[PDB]
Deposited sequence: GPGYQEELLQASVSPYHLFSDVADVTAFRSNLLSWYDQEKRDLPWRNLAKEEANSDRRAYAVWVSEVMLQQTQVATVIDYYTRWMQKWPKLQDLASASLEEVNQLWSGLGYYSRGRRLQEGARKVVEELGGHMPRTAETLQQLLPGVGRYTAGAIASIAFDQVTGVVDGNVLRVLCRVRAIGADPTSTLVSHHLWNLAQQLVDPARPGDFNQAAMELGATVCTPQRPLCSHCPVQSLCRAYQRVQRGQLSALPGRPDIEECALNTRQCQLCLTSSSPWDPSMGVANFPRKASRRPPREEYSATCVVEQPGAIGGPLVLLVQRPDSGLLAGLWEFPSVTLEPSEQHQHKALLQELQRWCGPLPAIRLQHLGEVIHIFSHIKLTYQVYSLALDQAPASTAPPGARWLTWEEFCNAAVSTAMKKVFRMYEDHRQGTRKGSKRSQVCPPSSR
């Protein structure tokens, strides 16, 4: 309902004015140097400016700034314009994305650029609503980031950083993933975003959550919005010797509930921590088959995953899925290897060790093998088989799991 207590609202316009001014003044003296800020500040063309912002905001989804920087630079140097990206192949996109994770982001970014160039004359949509509707991979966050940063639209955003900042600043301790709490956070973000500098405000709020209002041990003594933070105000009471008026059980007859407030956590009582369920275990066997090749050998066999599901369309060493009880077997692996190599001397199969790779939702254990051939396969290389030099593999569209497998193969090789 609209009957939330003023304890969780900014009912005083003076507080809103001060929140914006304090945050932006801190940003103007503390802001990190980032390549997408540099490209954006100097690109007067709106479409080129939005493209540079769009790429960075897709790469930043569930990925830390420190990781993105090098990928962003590589991407913008290879595809400086929408037009360049639209002509790229998905295979080239996966090559550049290799190691960044959540690979559908890269595919959708290319699909979007192709749509913009080939259906919209190269012109990016100019509001959060139309960016979200028309561009694949662009949800509510990315659309608001592009619109505010690139087009000066007055629209607030809630990423993980802003969620944490707002839950402390207004002492929201309920499950933040619920529809009700999420709606309240977006409403706060829309109230607070500076109408004159909405992009800088959004960037400032996110960088505050990244560098000051951090998940653990936040730097409250260094915070520009300290005086306006409910979380901070409460910690400074402690053994008190301002609170939420409507936080009383409607029932005055039941046992009176007690506060789950943990004094030893301070402002980190907010937000509530998401309870995490461990990933399911899966098992696979994989083999680096090698042949001597010519100059720059040996060559290793790579094959392409299905274009759906996990790590879709990426390349990998031939692999088979195994049930736990049969995770050390060779039968199915050798059958898969012979698909791509013809008849194989199965005596050469060398067990190297195991590689455990953690996805967000799967703990995958590979039994890793190698099979070194004395010469090329007897038959011509089948369609879908790629024989790569070590350097080509390192630059190919492969998952990090397969790079760990390759590093195990390189170590055990003599």
- Provide the list of deposited-sequence positions lacking C-alpha coordinates, grouped into contiguous ranges. 1-9, 251-258, 432-448
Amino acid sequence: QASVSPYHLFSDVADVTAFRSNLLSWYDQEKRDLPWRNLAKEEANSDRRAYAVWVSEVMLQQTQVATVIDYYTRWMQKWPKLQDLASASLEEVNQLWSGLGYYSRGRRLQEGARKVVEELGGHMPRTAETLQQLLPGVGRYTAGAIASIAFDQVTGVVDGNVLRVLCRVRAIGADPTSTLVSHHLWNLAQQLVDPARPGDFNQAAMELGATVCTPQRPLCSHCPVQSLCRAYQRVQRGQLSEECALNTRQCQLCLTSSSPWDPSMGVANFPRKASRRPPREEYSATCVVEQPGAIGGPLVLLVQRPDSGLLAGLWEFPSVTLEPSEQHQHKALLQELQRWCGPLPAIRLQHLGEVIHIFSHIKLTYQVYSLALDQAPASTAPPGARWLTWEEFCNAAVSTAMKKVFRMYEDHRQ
From here on, numbers count along this sequence of modelled residues.
- Per the PDB record, is the mean Cα temperature factor higher over 404-412 or over 4-12? 4-12
- Query: Comparing 360-368 with 52-60, which has the greater mean CA B-factor as deposited?
  - Reply: 360-368
- Message: Out of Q132, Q327, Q203, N269, whose C-alpha atom has the biggest B factor in the entry?
- Response: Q327
- Peak C-alpha temperature factor (PDB record), options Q190, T211, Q110, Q250: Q250
- Tertile call for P306 (CA temperature factor, within chain, third-based) is the middle
- Query: Once the chain's modelled residues are ordered by C-alpha B factor and cut into thirds, is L352 in the lowest, middle or highest one?
  - Reply: highest
- Within this chain's modelled residues, let me know which third the CA B factor of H184 belongs to: lowest, middle or highest. middle
- Task: Rank-wise, by C-alpha B-factor, drop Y283 into the lowest, middle or highest third of its chain.
- Result: middle
- Among the modelled residues of its chain, does the C-alpha B-factor of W340 lie in the lowest, middle or highest third? highest
